[PDB]
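Here's structure_8.pdb, which has PDB, C-alpha atoms:
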```pdb
MODEL        1
ATOM      1  CA  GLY R   1       5.715 -33.631  -1.858  1.00  0.00           C
ATOM      2  CA  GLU R   2       2.315 -32.951  -3.423  1.00  0.00           C
ATOM      3  CA  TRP R   3       1.533 -33.337  -7.125  1.00  0.00           C
ATOM      4  CA  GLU R   4      -0.982 -31.466  -9.272  1.00  0.00           C
ATOM      5  CA  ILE R   5      -1.764 -30.979 -12.952  1.00  0.00           C
ATOM      6  CA  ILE R   6      -1.537 -27.482 -14.393  1.00  0.00           C
ATOM      7  CA  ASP R   7      -2.744 -26.522 -17.848  1.00  0.00           C
ATOM      8  CA  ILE R   8      -0.773 -25.364 -20.893  1.00  0.00           C
ATOM      9  CA  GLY R   9      -1.255 -21.612 -20.563  1.00  0.00           C
ATOM     10  CA  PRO R  10       1.295 -18.817 -20.992  1.00  0.00           C
ATOM     11  CA  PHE R  11       3.011 -19.631 -17.687  1.00  0.00           C
ATOM     12  CA  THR R  12       3.466 -23.269 -18.710  1.00  0.00           C
ATOM     13  CA  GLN R  13       4.521 -22.253 -22.227  1.00  0.00           C
ATOM     14  CA  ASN R  14       7.240 -19.989 -20.834  1.00  0.00           C
ATOM     15  CA  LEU R  15       8.438 -22.893 -18.688  1.00  0.00           C
ATOM     16  CA  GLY R  16       9.030 -24.736 -21.952  1.00  0.00           C
ATOM     17  CA  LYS R  17      10.774 -21.740 -23.504  1.00  0.00           C
ATOM     18  CA  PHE R  18      13.036 -21.736 -20.443  1.00  0.00           C
ATOM     19  CA  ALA R  19      13.970 -25.402 -20.858  1.00  0.00           C
ATOM     20  CA  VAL R  20      14.750 -25.094 -24.571  1.00  0.00           C
ATOM     21  CA  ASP R  21      16.859 -21.979 -23.951  1.00  0.00           C
ATOM     22  CA  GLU R  22      18.953 -23.668 -21.254  1.00  0.00           C
ATOM     23  CA  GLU R  23      19.411 -26.807 -23.362  1.00  0.00           C
ATOM     24  CA  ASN R  24      20.635 -24.708 -26.294  1.00  0.00           C
ATOM     25  CA  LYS R  25      23.361 -23.337 -24.006  1.00  0.00           C
ATOM     26  CA  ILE R  26      24.657 -26.846 -23.271  1.00  0.00           C
ATOM     27  CA  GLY R  27      24.852 -27.604 -26.994  1.00  0.00           C
ATOM     28  CA  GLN R  28      24.502 -31.399 -27.038  1.00  0.00           C
ATOM     29  CA  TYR R  29      21.206 -31.659 -28.959  1.00  0.00           C
ATOM     30  CA  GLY R  30      21.800 -29.059 -31.660  1.00  0.00           C
ATOM     31  CA  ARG R  31      19.895 -25.825 -32.177  1.00  0.00           C
ATOM     32  CA  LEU R  32      16.344 -26.477 -30.974  1.00  0.00           C
ATOM     33  CA  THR R  33      13.451 -24.158 -31.838  1.00  0.00           C
ATOM     34  CA  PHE R  34      10.677 -24.102 -29.239  1.00  0.00           C
ATOM     35  CA  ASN R  35       7.281 -25.161 -30.596  1.00  0.00           C
ATOM     36  CA  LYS R  36       4.723 -25.643 -27.792  1.00  0.00           C
ATOM     37  CA  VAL R  37       4.087 -27.404 -24.492  1.00  0.00           C
ATOM     38  CA  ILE R  38       1.411 -30.105 -24.420  1.00  0.00           C
ATOM     39  CA  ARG R  39      -0.577 -31.831 -21.693  1.00  0.00           C
ATOM     40  CA  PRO R  40      -0.098 -33.291 -19.188  1.00  0.00           C
ATOM     41  CA  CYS R  41       2.048 -30.822 -17.243  1.00  0.00           C
ATOM     42  CA  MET R  42       2.790 -31.769 -13.634  1.00  0.00           C
ATOM     43  CA  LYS R  43       3.686 -29.388 -10.805  1.00  0.00           C
ATOM     44  CA  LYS R  44       5.208 -30.710  -7.577  1.00  0.00           C
ATOM     45  CA  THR R  45       5.303 -28.745  -4.321  1.00  0.00           C
ATOM     46  CA  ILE R  46       8.352 -29.338  -2.111  1.00  0.00           C
ATOM     47  CA  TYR R  47       7.778 -28.838   1.616  1.00  0.00           C
ATOM     48  CA  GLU R  48       9.865 -28.482   4.759  1.00  0.00           C
ATOM     49  CA  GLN R  49       8.141 -29.571   7.961  1.00  0.00           C
ATOM     50  CA  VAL R  50       8.762 -27.292  10.949  1.00  0.00           C
ATOM     51  CA  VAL R  51       7.313 -27.197  14.457  1.00  0.00           C
ATOM     52  CA  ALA R  52       4.590 -24.598  14.999  1.00  0.00           C
ATOM     53  CA  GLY R  53       3.851 -25.503  18.613  1.00  0.00           C
ATOM     54  CA  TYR R  54       2.660 -28.118  21.074  1.00  0.00           C
ATOM     55  CA  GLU R  55      -0.428 -29.144  23.030  1.00  0.00           C
ATOM     56  CA  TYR R  56      -0.814 -30.856  26.395  1.00  0.00           C
ATOM     57  CA  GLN R  57      -3.583 -32.751  28.187  1.00  0.00           C
ATOM     58  CA  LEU R  58      -2.962 -32.625  31.943  1.00  0.00           C
ATOM     59  CA  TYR R  59      -4.404 -34.254  35.035  1.00  0.00           C
ATOM     60  CA  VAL R  60      -3.638 -31.741  37.800  1.00  0.00           C
ATOM     61  CA  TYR R  61      -4.567 -31.852  41.479  1.00  0.00           C
ATOM     62  CA  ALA R  62      -5.372 -28.491  43.062  1.00  0.00           C
ATOM     63  CA  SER R  63      -6.764 -27.832  46.553  1.00  0.00           C
ATOM     64  CA  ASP R  64      -7.105 -31.636  46.914  1.00  0.00           C
ATOM     65  CA  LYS R  65      -9.429 -31.799  43.865  1.00  0.00           C
ATOM     66  CA  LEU R  66      -8.531 -33.231  40.450  1.00  0.00           C
ATOM     67  CA  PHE R  67      -8.979 -31.228  37.245  1.00  0.00           C
ATOM     68  CA  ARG R  68      -8.437 -31.687  33.512  1.00  0.00           C
ATOM     69  CA  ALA R  69      -6.340 -28.983  31.843  1.00  0.00           C
ATOM     70  CA  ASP R  70      -5.644 -28.297  28.164  1.00  0.00           C
ATOM     71  CA  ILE R  71      -2.604 -26.127  27.409  1.00  0.00           C
ATOM     72  CA  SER R  72      -1.001 -24.977  24.161  1.00  0.00           C
ATOM     73  CA  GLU R  73       2.526 -23.697  23.553  1.00  0.00           C
ATOM     74  CA  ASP R  74       4.143 -21.678  20.768  1.00  0.00           C
ATOM     75  CA  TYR R  75       7.489 -23.029  19.589  1.00  0.00           C
ATOM     76  CA  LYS R  76       9.232 -19.727  18.887  1.00  0.00           C
ATOM     77  CA  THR R  77       7.921 -17.457  21.660  1.00  0.00           C
ATOM     78  CA  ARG R  78       7.388 -20.226  24.269  1.00  0.00           C
ATOM     79  CA  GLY R  79       4.137 -18.512  25.280  1.00  0.00           C
ATOM     80  CA  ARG R  80       1.397 -20.705  26.721  1.00  0.00           C
ATOM     81  CA  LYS R  81      -2.401 -20.560  26.679  1.00  0.00           C
ATOM     82  CA  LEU R  82      -5.002 -22.341  28.813  1.00  0.00           C
ATOM     83  CA  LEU R  83      -7.704 -23.802  26.560  1.00  0.00           C
ATOM     84  CA  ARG R  84      -9.891 -25.790  28.972  1.00  0.00           C
ATOM     85  CA  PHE R  85     -10.064 -26.461  32.707  1.00  0.00           C
ATOM     86  CA  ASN R  86     -12.746 -28.893  33.897  1.00  0.00           C
ATOM     87  CA  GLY R  87     -13.244 -30.437  37.317  1.00  0.00           C
ATOM     88  CA  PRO R  88     -13.558 -32.231  39.515  1.00  0.00           C
ATOM     89  CA  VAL R  89     -12.905 -35.208  37.216  1.00  0.00           C
ATOM     90  CA  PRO R  90     -12.630 -38.873  38.258  1.00  0.00           C
ATOM     91  CA  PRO R  91      -9.077 -40.217  38.440  1.00  0.00           C
ATOM     92  CA  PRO R  92      -7.808 -42.057  35.321  1.00  0.00           C
TER      93      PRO R  92
ATOM     94  CA  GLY B   1       4.838 -37.978  15.507  1.00  0.00           C
ATOM     95  CA  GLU B   2       1.470 -36.558  16.563  1.00  0.00           C
ATOM     96  CA  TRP B   3       0.426 -37.799  20.033  1.00  0.00           C
ATOM     97  CA  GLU B   4       2.717 -39.139  22.747  1.00  0.00           C
ATOM     98  CA  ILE B   5       2.853 -39.853  26.460  1.00  0.00           C
ATOM     99  CA  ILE B   6       5.370 -37.573  28.126  1.00  0.00           C
ATOM    100  CA  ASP B   7       6.695 -38.250  31.600  1.00  0.00           C
ATOM    101  CA  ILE B   8       5.659 -36.333  34.695  1.00  0.00           C
ATOM    102  CA  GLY B   9       8.194 -34.284  36.618  1.00  0.00           C
ATOM    103  CA  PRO B  10       9.878 -30.894  36.494  1.00  0.00           C
ATOM    104  CA  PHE B  11       8.775 -29.657  33.064  1.00  0.00           C
ATOM    105  CA  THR B  12       5.326 -31.221  33.453  1.00  0.00           C
ATOM    106  CA  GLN B  13       4.867 -29.765  36.946  1.00  0.00           C
ATOM    107  CA  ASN B  14       5.479 -26.247  35.631  1.00  0.00           C
ATOM    108  CA  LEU B  15       2.706 -26.814  33.087  1.00  0.00           C
ATOM    109  CA  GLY B  16       0.509 -27.717  36.052  1.00  0.00           C
ATOM    110  CA  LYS B  17       1.478 -24.514  37.850  1.00  0.00           C
ATOM    111  CA  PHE B  18       0.617 -22.498  34.733  1.00  0.00           C
ATOM    112  CA  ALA B  19      -2.846 -24.022  34.296  1.00  0.00           C
ATOM    113  CA  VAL B  20      -3.709 -23.318  37.938  1.00  0.00           C
ATOM    114  CA  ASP B  21      -2.284 -19.788  37.737  1.00  0.00           C
ATOM    115  CA  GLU B  22      -4.358 -19.068  34.623  1.00  0.00           C
ATOM    116  CA  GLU B  23      -7.488 -20.621  36.132  1.00  0.00           C
ATOM    117  CA  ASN B  24      -7.105 -18.538  39.299  1.00  0.00           C
ATOM    118  CA  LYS B  25      -7.518 -15.499  37.033  1.00  0.00           C
ATOM    119  CA  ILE B  26     -10.978 -16.703  35.979  1.00  0.00           C
ATOM    120  CA  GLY B  27     -12.032 -17.867  39.442  1.00  0.00           C
ATOM    121  CA  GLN B  28     -14.937 -20.176  38.553  1.00  0.00           C
ATOM    122  CA  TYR B  29     -13.393 -22.860  40.796  1.00  0.00           C
ATOM    123  CA  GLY B  30     -12.189 -20.422  43.458  1.00  0.00           C
ATOM    124  CA  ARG B  31      -8.649 -19.851  44.683  1.00  0.00           C
ATOM    125  CA  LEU B  32      -6.826 -23.097  43.905  1.00  0.00           C
ATOM    126  CA  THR B  33      -3.430 -24.318  45.095  1.00  0.00           C
ATOM    127  CA  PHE B  34      -1.184 -26.340  42.793  1.00  0.00           C
ATOM    128  CA  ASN B  35      -0.567 -29.806  44.213  1.00  0.00           C
ATOM    129  CA  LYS B  36       0.945 -32.025  41.511  1.00  0.00           C
ATOM    130  CA  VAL B  37       0.496 -33.336  37.974  1.00  0.00           C
ATOM    131  CA  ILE B  38      -0.221 -37.055  37.617  1.00  0.00           C
ATOM    132  CA  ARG B  39      -0.125 -39.613  34.841  1.00  0.00           C
ATOM    133  CA  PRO B  40      -1.092 -39.870  32.071  1.00  0.00           C
ATOM    134  CA  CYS B  41       0.201 -36.680  30.454  1.00  0.00           C
ATOM    135  CA  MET B  42      -0.237 -36.349  26.687  1.00  0.00           C
ATOM    136  CA  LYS B  43       1.780 -34.136  24.346  1.00  0.00           C
ATOM    137  CA  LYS B  44       0.580 -33.248  20.845  1.00  0.00           C
ATOM    138  CA  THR B  45       3.115 -31.744  18.441  1.00  0.00           C
ATOM    139  CA  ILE B  46       1.713 -29.416  15.768  1.00  0.00           C
ATOM    140  CA  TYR B  47       3.794 -29.148  12.599  1.00  0.00           C
ATOM    141  CA  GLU B  48       3.780 -26.432   9.939  1.00  0.00           C
ATOM    142  CA  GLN B  49       4.369 -27.236   6.264  1.00  0.00           C
ATOM    143  CA  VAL B  50       6.376 -24.447   4.631  1.00  0.00           C
ATOM    144  CA  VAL B  51       7.077 -24.388   0.900  1.00  0.00           C
ATOM    145  CA  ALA B  52      10.690 -24.935  -0.136  1.00  0.00           C
ATOM    146  CA  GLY B  53      10.070 -24.723  -3.879  1.00  0.00           C
ATOM    147  CA  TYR B  54       8.388 -26.264  -6.900  1.00  0.00           C
ATOM    148  CA  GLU B  55       9.285 -28.699  -9.671  1.00  0.00           C
ATOM    149  CA  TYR B  56       7.622 -29.046 -13.077  1.00  0.00           C
ATOM    150  CA  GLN B  57       7.477 -32.025 -15.446  1.00  0.00           C
ATOM    151  CA  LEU B  58       6.826 -30.886 -19.020  1.00  0.00           C
ATOM    152  CA  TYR B  59       6.298 -32.393 -22.461  1.00  0.00           C
ATOM    153  CA  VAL B  60       7.992 -29.894 -24.791  1.00  0.00           C
ATOM    154  CA  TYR B  61       8.113 -29.849 -28.593  1.00  0.00           C
ATOM    155  CA  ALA B  62      11.214 -28.376 -30.220  1.00  0.00           C
ATOM    156  CA  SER B  63      12.279 -28.611 -33.875  1.00  0.00           C
ATOM    157  CA  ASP B  64       9.459 -31.148 -34.428  1.00  0.00           C
ATOM    158  CA  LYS B  65      10.880 -33.443 -31.714  1.00  0.00           C
ATOM    159  CA  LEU B  66       9.205 -34.125 -28.362  1.00  0.00           C
ATOM    160  CA  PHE B  67      11.250 -33.848 -25.166  1.00  0.00           C
ATOM    161  CA  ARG B  68      10.665 -34.243 -21.431  1.00  0.00           C
ATOM    162  CA  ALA B  69      12.001 -31.356 -19.338  1.00  0.00           C
ATOM    163  CA  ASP B  70      12.284 -31.232 -15.540  1.00  0.00           C
ATOM    164  CA  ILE B  71      12.748 -27.665 -14.308  1.00  0.00           C
ATOM    165  CA  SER B  72      12.825 -26.352 -10.751  1.00  0.00           C
ATOM    166  CA  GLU B  73      11.818 -23.093  -9.074  1.00  0.00           C
ATOM    167  CA  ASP B  74      12.650 -21.657  -5.659  1.00  0.00           C
ATOM    168  CA  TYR B  75       9.985 -20.307  -3.323  1.00  0.00           C
ATOM    169  CA  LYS B  76      12.092 -17.411  -1.999  1.00  0.00           C
ATOM    170  CA  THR B  77      14.256 -16.432  -4.989  1.00  0.00           C
ATOM    171  CA  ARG B  78      11.718 -17.438  -7.694  1.00  0.00           C
ATOM    172  CA  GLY B  79      14.716 -18.528  -9.787  1.00  0.00           C
ATOM    173  CA  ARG B  80      14.385 -21.229 -12.431  1.00  0.00           C
ATOM    174  CA  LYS B  81      16.788 -24.110 -13.063  1.00  0.00           C
ATOM    175  CA  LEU B  82      16.779 -26.926 -15.625  1.00  0.00           C
ATOM    176  CA  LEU B  83      17.352 -30.351 -14.065  1.00  0.00           C
ATOM    177  CA  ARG B  84      16.883 -32.788 -16.974  1.00  0.00           C
ATOM    178  CA  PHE B  85      16.117 -32.672 -20.696  1.00  0.00           C
ATOM    179  CA  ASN B  86      15.687 -36.017 -22.472  1.00  0.00           C
ATOM    180  CA  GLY B  87      14.219 -36.897 -25.846  1.00  0.00           C
ATOM    181  CA  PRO B  88      12.714 -37.619 -28.183  1.00  0.00           C
ATOM    182  CA  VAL B  89      10.059 -39.486 -26.178  1.00  0.00           C
ATOM    183  CA  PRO B  90       6.764 -41.127 -27.184  1.00  0.00           C
ATOM    184  CA  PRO B  91       3.779 -38.789 -26.852  1.00  0.00           C
ATOM    185  CA  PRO B  92       1.291 -39.400 -23.982  1.00  0.00           C
TER     186      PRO B  92
ENDMDL
END
```
Could you show the structure in this file as structure tokens?
Amino acid sequence: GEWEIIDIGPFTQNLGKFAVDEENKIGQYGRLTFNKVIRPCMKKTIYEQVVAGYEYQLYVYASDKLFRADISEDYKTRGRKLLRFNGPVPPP
Amino acid sequence: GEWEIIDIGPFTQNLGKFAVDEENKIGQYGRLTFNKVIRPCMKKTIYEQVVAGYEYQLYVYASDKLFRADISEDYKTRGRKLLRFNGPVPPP
């Protein structure tokens, strides 16, 4: 994922109070009393990659002339859109 | 994967019909007639990064000892969970 440093404000402090509370439930370290959280605190963002859509670069012949088309497609709705249409273009 | 050559043929031809159909609505090239789509055809996949959750690495003091806590948070439920809790560790 992506990593970033956050500071030691009340949100970060309560993250430390969470960890000490859960550890005291397990009971392997003995009764711990939360003191403070110090720098550096690291926050990692976990992502899932998913397809938003597609794009296409076409060479299409129409009425015996050759054009360049640029189409986009949405993954979920399957709806298309024509972005560009230039011609006549020389063959590739 | 970002950019790729896709083959021509049935799915590609229907993209060529769409581009001509859309362009016939504008009319700057006049009434066209779809002929065929030729090589090379490019496909560009567009991905979307959605957040699955977060993870925090902390340096926590408790009962005058310094521990390293790894806690996790969900993006949808916002629920916290302690993954690891080791110590004492040397300070940064």
| message | Quick check on the file I pasted: which residues fall under the PyMOL selection byres ((chain R) within 6 of (chain B))? Write them as a count of residues only. | response | 31
Transformed chain R, reference chain B, in-order C-alpha pairing, as a PDB file with C-alpha atoms, in the coordinates of the input:
```
ATOM      1  CA  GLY R   1      -2.242 -31.420  14.108  1.00  0.00           C
ATOM      2  CA  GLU R   2       0.032 -34.166  15.436  1.00  0.00           C
ATOM      3  CA  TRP R   3      -0.288 -35.748  18.880  1.00  0.00           C
ATOM      4  CA  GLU R   4       2.398 -37.246  21.110  1.00  0.00           C
ATOM      5  CA  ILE R   5       2.796 -38.359  24.715  1.00  0.00           C
ATOM      6  CA  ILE R   6       5.365 -36.595  26.870  1.00  0.00           C
ATOM      7  CA  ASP R   7       6.416 -37.761  30.313  1.00  0.00           C
ATOM      8  CA  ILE R   8       5.900 -36.125  33.712  1.00  0.00           C
ATOM      9  CA  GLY R   9       9.286 -34.458  34.127  1.00  0.00           C
ATOM     10  CA  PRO R  10      10.100 -30.956  35.381  1.00  0.00           C
ATOM     11  CA  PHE R  11       8.866 -29.323  32.165  1.00  0.00           C
ATOM     12  CA  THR R  12       5.506 -31.089  32.446  1.00  0.00           C
ATOM     13  CA  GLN R  13       5.329 -30.377  36.184  1.00  0.00           C
ATOM     14  CA  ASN R  14       5.830 -26.657  35.571  1.00  0.00           C
ATOM     15  CA  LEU R  15       3.034 -26.794  32.995  1.00  0.00           C
ATOM     16  CA  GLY R  16       0.802 -27.935  35.844  1.00  0.00           C
ATOM     17  CA  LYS R  17       2.098 -25.211  38.152  1.00  0.00           C
ATOM     18  CA  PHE R  18       1.200 -22.742  35.399  1.00  0.00           C
ATOM     19  CA  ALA R  19      -2.378 -24.008  35.129  1.00  0.00           C
ATOM     20  CA  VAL R  20      -3.005 -23.938  38.883  1.00  0.00           C
ATOM     21  CA  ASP R  21      -1.557 -20.421  39.140  1.00  0.00           C
ATOM     22  CA  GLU R  22      -3.792 -19.063  36.370  1.00  0.00           C
ATOM     23  CA  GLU R  23      -6.874 -20.776  37.810  1.00  0.00           C
ATOM     24  CA  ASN R  24      -6.187 -19.232  41.223  1.00  0.00           C
ATOM     25  CA  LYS R  25      -6.316 -15.805  39.553  1.00  0.00           C
ATOM     26  CA  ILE R  26      -9.831 -16.463  38.233  1.00  0.00           C
ATOM     27  CA  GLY R  27     -11.006 -17.443  41.716  1.00  0.00           C
ATOM     28  CA  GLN R  28     -13.927 -19.762  40.931  1.00  0.00           C
ATOM     29  CA  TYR R  29     -12.525 -22.993  42.420  1.00  0.00           C
ATOM     30  CA  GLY R  30     -11.047 -21.654  45.650  1.00  0.00           C
ATOM     31  CA  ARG R  31      -7.390 -21.601  46.640  1.00  0.00           C
ATOM     32  CA  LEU R  32      -5.794 -24.632  44.982  1.00  0.00           C
ATOM     33  CA  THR R  33      -2.376 -25.948  46.020  1.00  0.00           C
ATOM     34  CA  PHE R  34      -0.468 -27.686  43.229  1.00  0.00           C
ATOM     35  CA  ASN R  35       0.403 -31.313  43.992  1.00  0.00           C
ATOM     36  CA  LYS R  36       1.773 -33.119  40.910  1.00  0.00           C
ATOM     37  CA  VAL R  37       1.078 -33.926  37.268  1.00  0.00           C
ATOM     38  CA  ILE R  38       0.369 -37.553  36.369  1.00  0.00           C
ATOM     39  CA  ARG R  39       0.391 -39.568  33.159  1.00  0.00           C
ATOM     40  CA  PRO R  40      -0.775 -39.455  30.464  1.00  0.00           C
ATOM     41  CA  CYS R  41       0.280 -35.989  29.300  1.00  0.00           C
ATOM     42  CA  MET R  42      -0.482 -35.168  25.664  1.00  0.00           C
ATOM     43  CA  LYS R  43       1.307 -32.602  23.498  1.00  0.00           C
ATOM     44  CA  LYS R  44      -0.245 -31.414  20.232  1.00  0.00           C
ATOM     45  CA  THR R  45       1.702 -29.644  17.484  1.00  0.00           C
ATOM     46  CA  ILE R  46      -0.228 -27.014  15.512  1.00  0.00           C
ATOM     47  CA  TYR R  47       0.948 -26.481  11.933  1.00  0.00           C
ATOM     48  CA  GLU R  48       0.446 -23.952   9.157  1.00  0.00           C
ATOM     49  CA  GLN R  49       0.900 -25.316   5.643  1.00  0.00           C
ATOM     50  CA  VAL R  50       2.777 -22.999   3.274  1.00  0.00           C
ATOM     51  CA  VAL R  51       4.084 -23.446  -0.263  1.00  0.00           C
ATOM     52  CA  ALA R  52       7.804 -24.195  -0.517  1.00  0.00           C
ATOM     53  CA  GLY R  53       7.906 -24.569  -4.295  1.00  0.00           C
ATOM     54  CA  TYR R  54       6.722 -26.454  -7.354  1.00  0.00           C
ATOM     55  CA  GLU R  55       7.842 -29.154  -9.777  1.00  0.00           C
ATOM     56  CA  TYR R  56       7.055 -29.717 -13.446  1.00  0.00           C
ATOM     57  CA  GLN R  57       7.264 -32.650 -15.860  1.00  0.00           C
ATOM     58  CA  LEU R  58       7.467 -31.328 -19.426  1.00  0.00           C
ATOM     59  CA  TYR R  59       7.307 -32.769 -22.918  1.00  0.00           C
ATOM     60  CA  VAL R  60       9.269 -30.253 -25.007  1.00  0.00           C
ATOM     61  CA  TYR R  61      10.136 -30.347 -28.701  1.00  0.00           C
ATOM     62  CA  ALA R  62      13.531 -28.906 -29.619  1.00  0.00           C
ATOM     63  CA  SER R  63      15.267 -29.008 -33.015  1.00  0.00           C
ATOM     64  CA  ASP R  64      12.381 -31.244 -34.195  1.00  0.00           C
ATOM     65  CA  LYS R  65      13.185 -33.847 -31.493  1.00  0.00           C
ATOM     66  CA  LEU R  66      11.101 -34.547 -28.381  1.00  0.00           C
ATOM     67  CA  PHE R  67      12.612 -34.484 -24.888  1.00  0.00           C
ATOM     68  CA  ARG R  68      11.488 -35.022 -21.299  1.00  0.00           C
ATOM     69  CA  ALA R  69      12.333 -32.187 -18.902  1.00  0.00           C
ATOM     70  CA  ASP R  70      12.067 -31.977 -15.111  1.00  0.00           C
ATOM     71  CA  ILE R  71      12.056 -28.470 -13.622  1.00  0.00           C
ATOM     72  CA  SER R  72      11.714 -27.182 -10.063  1.00  0.00           C
ATOM     73  CA  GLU R  73      10.718 -23.718  -8.855  1.00  0.00           C
ATOM     74  CA  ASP R  74      11.137 -21.864  -5.564  1.00  0.00           C
ATOM     75  CA  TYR R  75       8.015 -20.064  -4.368  1.00  0.00           C
ATOM     76  CA  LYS R  76       9.664 -17.010  -2.822  1.00  0.00           C
ATOM     77  CA  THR R  77      12.590 -16.330  -5.176  1.00  0.00           C
ATOM     78  CA  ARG R  78      10.928 -17.727  -8.345  1.00  0.00           C
ATOM     79  CA  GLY R  79      14.274 -19.288  -9.293  1.00  0.00           C
ATOM     80  CA  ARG R  80      14.181 -22.426 -11.424  1.00  0.00           C
ATOM     81  CA  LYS R  81      16.420 -25.482 -11.729  1.00  0.00           C
ATOM     82  CA  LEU R  82      16.670 -28.148 -14.434  1.00  0.00           C
ATOM     83  CA  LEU R  83      16.715 -31.596 -12.815  1.00  0.00           C
ATOM     84  CA  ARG R  84      16.596 -33.976 -15.793  1.00  0.00           C
ATOM     85  CA  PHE R  85      16.588 -33.736 -19.585  1.00  0.00           C
ATOM     86  CA  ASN R  86      16.237 -37.003 -21.516  1.00  0.00           C
ATOM     87  CA  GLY R  87      15.657 -37.557 -25.215  1.00  0.00           C
ATOM     88  CA  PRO R  88      14.623 -38.336 -27.759  1.00  0.00           C
ATOM     89  CA  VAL R  89      11.542 -39.840 -26.080  1.00  0.00           C
ATOM     90  CA  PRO R  90       8.507 -41.360 -27.832  1.00  0.00           C
ATOM     91  CA  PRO R  91       5.438 -39.116 -27.939  1.00  0.00           C
ATOM     92  CA  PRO R  92       2.847 -39.670 -25.163  1.00  0.00           C
TER      93      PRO R  92
END
```
| said: Just to confirm, what's the straight-line distance from CA of residue 77 (chain R) to CA of residue 1 (chain B) in Å (one decimal)? | reply: 21.6 Å
Please put the answer as AutoDock Vina command-line options: centre and edge lengths, in Å with one decimal, of a box along x, y and z that encloses all listed atoms of region 81-85 of chain R plus 6 Å on each side.
```
--center_x -6.2 --center_y -23.5 --center_z 29.6 --size_x 19.7 --size_y 17.9 --size_z 18.1
```
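Straight-line separation from CA of residue 9 (chain B) to CA of residue 76 (chain R): 23.0 Å.
Note that the spacing between CA of residue 88 (chain B) and CA of residue 27 (chain R) amounts to 15.8 Å.
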